[PDB]
Amino acid sequence: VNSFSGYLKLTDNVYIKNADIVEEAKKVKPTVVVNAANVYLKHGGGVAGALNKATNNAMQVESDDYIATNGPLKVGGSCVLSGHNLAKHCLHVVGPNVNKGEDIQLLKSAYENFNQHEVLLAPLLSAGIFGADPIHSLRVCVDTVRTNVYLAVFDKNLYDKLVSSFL
Ligand SMILES: O=C(NCc1c(C(=O)O)[nH]c2ccccc12)c1ccc2[nH]c(O)nc2c1
C-alpha cells in the first residue's frame, strides 16, 4: 500500500491521473519524482521548468554542479539527484526531443531507467514540448516499465484522450 490517490489503473504496474506533477509531488513526497530533463539539465520549461521553479531554483543549482563535474547526459540516459522539497530523489530522464530531430526509438531506452526504482511519480517522457505523440509514449511506458509508475498528465483534454484510446 502506498499514498497515491485518485489514479486510474491501466495495467498491473501502470497508473494514470490528470494532475500537475508539481502539486502531486508536494502532497505525496514520493521516493522518486521523474523529471523530463535534457542532456544539459537546463530546466527552462515544460515539466522541468515547473519542477525547478517549485524548488526555488535549487534543482538548477545542483544540476549545474552535476554537469560541471560529469558532463552532459546521453539521450535515453538518466541521473539521480536530490528531490529537494518535492521528493527524496529526482530521477532526471532524457527522452528524445522530436523538435531536435532525436531518434524516437530512444524513448524505450529512456523508460528503461524507471526499472531501477520500485515506485515512481513521473510524466510521460518526450511528451509536451519534446514533441512526441503522447499516445505512443504511454504505449512504450506500459511495454517497457515493470516497476510501479504513477503517471501525472497535466492537460485534462489529453488525459481523457489517453484513457479513451488505451488498448
Ligand atoms: O508541461 C507540463 N506538462 C506537459 C508534459 C508532460 C505531461 O504532462 O505528461 N510530460 C512532459 C515531458 C516533457 C515536457 C513537457 C511535458 C507541465 C507540468 C506541470 C506543471 N505545473 C505547472 O504550473 N505548469 C505545468 C506544466
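Numbers here are sequence positions counted from 1. Atoms within each ligand, like the ligands themselves, are counted from 1 in listed order.
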Item to complete: Could you give me the CA-CA distance, side-chain angles and deciding distance for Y40 and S63, then say whether side-chain hydrogen bond (donor to acceptor under 3.5 Å, both in side chains) is met?
Response: CA-CA 8 Å; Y40 307 110; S63 292; over 6 Å; no
Discussion item. For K88 and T31: C-alpha separation, side-chain torsions, deciding distance, then whether side-chain hydrogen bond (donor to acceptor under 3.5 Å, both in side chains) applies.
Written reply: CA-CA 5 Å; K88 184 166 190 322; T31 305; over 6 Å; no
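At the top of the distance list for atom 8 (O) of ligand 1, counting protein heavy atoms only, stands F154 N, 3.2 Å. Nearest non-hydrogen protein atom to atom 14 (C) of ligand 1 is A127 O, 3.3 Å. Of the protein's non-hydrogen atoms, the one nearest atom 12 (C) of ligand 1 is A36 CB, 3.3 Å. Closest to atom 6 (C) of ligand 1, if we only count protein heavy atoms, is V47 CG2, 3.6 Å. Shortest contact from atom 7 (C) of ligand 1 to any protein heavy atom: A152 O, 4.0 Å.
Side-chain contact annotation: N52 with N57, donor-acceptor N/O pair under 3.5 Å present.
Aromatic ring orientation, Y150 versus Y7: perpendicular (interplanar angle above 60°, classes split at 30° and 60°).
We find the CG-CD distance between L107 and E102 to be 11.5 Å, quoted to the nearest 0.5 Å. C90 SG to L51 CG: the interatomic distance, rounded to the nearest 0.5 Å, is 6.0 Å.
Within ligand 1, counting atoms from 1 as listed, the ones closer than 4.0 Å to a heavy atom of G46 are 1 (O). Listed by number with element, the atoms of ligand 1 under 4.0 angstrom from any heavy atom of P123 are 10 (N). Against a heavy-atom cut-off of under 4.0 Å, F130 is close to the following atoms of ligand 1: 13 (C), 14 (C).
Polar contact with ligand 1: present for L124 (N/O pair, distance under 3.5 Å).
Here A48 has no heavy atoms under 4.0 Å from ligand 1, in either its backbone or its side chain.
Judged by distance alone, the side chain of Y111 and the main-chain N or O of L125 form a donor-acceptor pair under 3.5 Å.
By the neighbour-count criterion of 12 heavy atoms within 6.0 Å, atom NZ of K17 is densely surrounded, having more than that number from other residues, nucleotides or ligands.
Here atom 22 (C) of ligand 1 lies nearest to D20 when heavy atoms of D20, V153, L158 are compared.
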